[PDB]
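Reviewing the structure listed below.
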Amino acid sequence: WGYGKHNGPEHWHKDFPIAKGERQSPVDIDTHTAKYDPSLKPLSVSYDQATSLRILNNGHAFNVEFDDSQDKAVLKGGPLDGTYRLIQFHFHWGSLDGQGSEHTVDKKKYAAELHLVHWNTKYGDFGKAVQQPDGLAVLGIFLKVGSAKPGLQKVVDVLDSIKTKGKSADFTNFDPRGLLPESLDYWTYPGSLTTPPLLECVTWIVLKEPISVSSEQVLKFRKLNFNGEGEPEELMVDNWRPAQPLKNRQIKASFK
Ligand SMILES: [Zn+2]
């Protein structure tokens, strides 16, 4: 599977029939039909002890991976019951600044989208959690092009070392707090992973406030490659799945 004409999102259902399922992601967030939910408890992003380990080009994005063997960087509160441990983050981005995000807001596409992926500690490990309807919580953050995001520059500067599929690099002491906007106002709905295997195990929490990154920062993402070393160059761009049918779901807002 990939993002091209012959293996991209419109083809995924042949190997992954859940692609046409009842709770697929991403979706368009219609801000005029999402409803404020006063039963939502406050969202807690506790990243002070986060322990990054490595950055990896997996041929569809790059993942910054974290030590998840203890409660050190966790998401709680909001729509969540229990404690979800950060395992990795990655991004989806476009070839042009007018596309790249997976979720859309009143059909608006952002230049990119950050996914911080967490798993429910009640299930013991990530591989078991993805088999559960409440296994994962993914915090989604939109990126727009404007001012540089200083807390992103350490990621930008390492990309030269992981240009091609399969390459990895040490990436310790990276603080993911530097990627968060001021406001934690969010929308939430039940959905799926947005890459194969497309499992329907995600509580999505999508922040309303985008972060700004500079044109130079996003241009460096666009220099990555989908191919491995020694293969014909295919720029890693447009690695986003479009919006899927909402079906029988409601999107709730944390804010009035
Ligand atoms: Zn993602």
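Residues: numbered from 1 along the sequence shown. Scope of the values below: all heavy atoms of this structure, side chains included, with no hydrogens, waters or symmetry mates. Atoms within a ligand are numbered from 1 in the order they appear, just like the ligands themselves.
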Side-chain donor-acceptor pairs of residues 131-141 under 3.5 Å, sequence neighbours excluded:
{"residue": "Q131", "atom": "NE2", "partner": "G127", "partner atom": "O", "Å": "3.1"}
{"residue": "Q132", "atom": "NE2", "partner": "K128", "partner atom": "O", "Å": "3.1"}
{"residue": "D134", "atom": "OD1", "partner": "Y123", "partner atom": "OH", "Å": "2.6"}

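Among protein atoms, those of element N, O or S found less than 2.8 Å away from the Zn ion (ligand 1) are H90 NE2, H92 NE2, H115 ND1.
Counting only residues at least two apart or in different chains, salt bridge (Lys or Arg N to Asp or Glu O under 4.0 Å) contacts with residues 60-85 comprise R54-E65, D67-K72, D71-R85.
Shown here are the side chain to side chain contact (heavy atoms under 4.5 Å, CB included) partners of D106, two or more places apart in sequence or in another chain: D30, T31, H32.
Considering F91, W1, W93, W240 in turn, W1 is the only one that fulfils the ring pair (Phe, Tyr, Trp, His ring centres under 6.0 Å) rule with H60.
Ring to ring, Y186 and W204 are not that close: their centroids are 6.0 angstrom or more apart. Taking the ring centroids of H103 and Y189, they lie under the 6.0 Å cut-off.
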